[PDB]
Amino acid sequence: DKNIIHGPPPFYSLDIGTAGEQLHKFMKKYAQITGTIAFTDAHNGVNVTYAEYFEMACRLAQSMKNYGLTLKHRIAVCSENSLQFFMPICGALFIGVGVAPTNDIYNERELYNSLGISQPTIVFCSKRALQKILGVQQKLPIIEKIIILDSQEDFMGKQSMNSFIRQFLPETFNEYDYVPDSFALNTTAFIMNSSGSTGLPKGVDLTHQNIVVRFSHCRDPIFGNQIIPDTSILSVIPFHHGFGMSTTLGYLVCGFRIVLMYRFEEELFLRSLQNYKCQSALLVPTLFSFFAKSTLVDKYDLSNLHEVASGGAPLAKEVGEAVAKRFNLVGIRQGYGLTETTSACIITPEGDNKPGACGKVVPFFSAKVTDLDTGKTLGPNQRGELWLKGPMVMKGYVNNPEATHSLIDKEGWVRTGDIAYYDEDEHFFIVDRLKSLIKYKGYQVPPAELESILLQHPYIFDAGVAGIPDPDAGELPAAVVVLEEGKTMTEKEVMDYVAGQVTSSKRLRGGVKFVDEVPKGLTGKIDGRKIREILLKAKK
């Protein structure tokens, strides 16, 4: 019981019905207020209203039903971020058809693998994805129909959404009389792609139950965004990412104006943030490093900007603080989660921002930190392995029971593979690694930097660096190294290589050990303690 950390009750009691039913209810409301904007394309300036989105979604839902799609079918969406992206997604959710968002820049192998897993009957794609989709269709006969998202009429012999609708929808159809289907909450809502360290991406099977819980969080005044009229958000998260899907769908539930970009550009981003008077900006992790460097932020009027949020992994405390200062904010709105957990399971509570913290456990969820050795449940300010448990946890990997049971134990705990601790206020901190610095006698800093140096070497494929401690005084930097295919190196060559890369005898002082693979990914990064043992055992 103790050391299990629980989220509080939701602010609002749970709505009834599927994700389609709840989504339909909100969209129908916003649709009847003319001029309410759902999506805005920053590159061409075009707006699409909730009225337009709602009507298209209902038409697509009934059209797909008439076409013959049922609970047993899936559709895929393959496209750059666009105004039309979520139209077939809303429609599919209305009728319980699973949706597989598919990376538009997948190579031929990755694309085939993704669609091979989701097995869609219809693929909605942009003009820019048509050729690659045509190619994969030759290999995947389950794909019976291709529909073009960003064309009004037929394009290259393929139907547009409008033409598809015209063929399969009677002229008696009234969008405001349409009623979404009712079905079991364990019905598949999405198949999202996620890669650990193990080769190719797997299919993450998210249920309607998963999604409606996200719908609770998204409009929660503490753990989401309070629904307020004329709220706009600029998002540069790929819609086919887990957090891209879960944040964007949530914004639709909230009735927000979602400003999107096909591709990130500094000027256009800042100009749009200013001119659309967005209250929030949602960024991918690597863009925080970017804006920490940006000098242009001050030259724009961002007086309406209330928050900058990370739509992905947790961020470094210093990078976050630097970006906060750039945008004249007290802190960054953060969240920790996995594709496998639908969305963020730990979120910065509104008005309760601690620097370096990824926030607090969300409603309906539980979290625990376990001893890296004993598996023992830990108290506050004790670093260990982070586990997550709750109703946003995926049904499982598609057709991969083994991978599922390796990640999720029999009681529903997800083994995140990340190291963390929580403080006395139950704020969680994700630590990247387990330590972070090996100390000479006074100081030396060789974490990821030495690893990066090692990775650049032609003969070196992978590498992990840890500190080796012994009664032999102090702490010596050491590394395990994965050589390339059929290549030869000595310990000295690796050491001398690093020696000629940094100063102060902070270049491997313990000893290099060659291995077949870097200790542990366990679906994530480097197992620092595993590395320490292997190197320690080697020293004698």
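Heads up: residue numbers just count along the shown sequence, starting at 1.
**OP:** Would you tell me which stretch averages the higher CA B-factor in the PDB entry, 335-343 or 89-97?
**Re:** Comparing 335-343 with 89-97, the higher mean C-alpha B-factor belongs to 335-343.
Subject >> 192-200 or 407-415, whichever carries the higher mean Cα B-factor >> reply: Higher of the two, by average CA B-factor, is 192-200.
Original post:
Among 68, 45, 35, 471, where is the Cα temperature factor highest, going by the PDB entry?
Top reply: In this record, 471 carries the highest C-alpha B-factor of the candidates.
Original post:
For the listed residues 181, 230, 307, 318, which one has the largest C-alpha B-factor as given in the deposited model?
Top reply: Of 181, 230, 307, 318, 318 has the highest C-alpha B-factor.
**OP:** Give the position of residue 504 by CA B-factor within its chain, expressed as the lowest, middle or highest third.
**Re:** According to the entry, residue 504 has a C-alpha B-factor in the chain's highest third.
Original post:
Among the modelled residues of its chain, does the C-alpha B-factor of residue 437 lie in the lowest, middle or highest third?
Top reply: Residue 437: CA B-factor falls in the highest third of its chain.
Subject >> Third of the chain, ranked by Cα B-factor, where residue 40 sits >> reply: Answer is lowest: the recorded C-alpha B-factor places it there.
**OP:** Using the B-factor values recorded in the entry, state whether the Cα atom of residue 496 falls in the lowest, middle or highest third among the modelled residues of its chain.
**Re:** Answer is highest: the recorded C-alpha B-factor places it there.
Original post:
Considering only modelled residues of the same chain, in which third does the CA B-factor of residue 15 rank: lowest, middle or highest?
Top reply: Within its chain, residue 15 is a middle-third residue by C-alpha B-factor, going by the deposited values.
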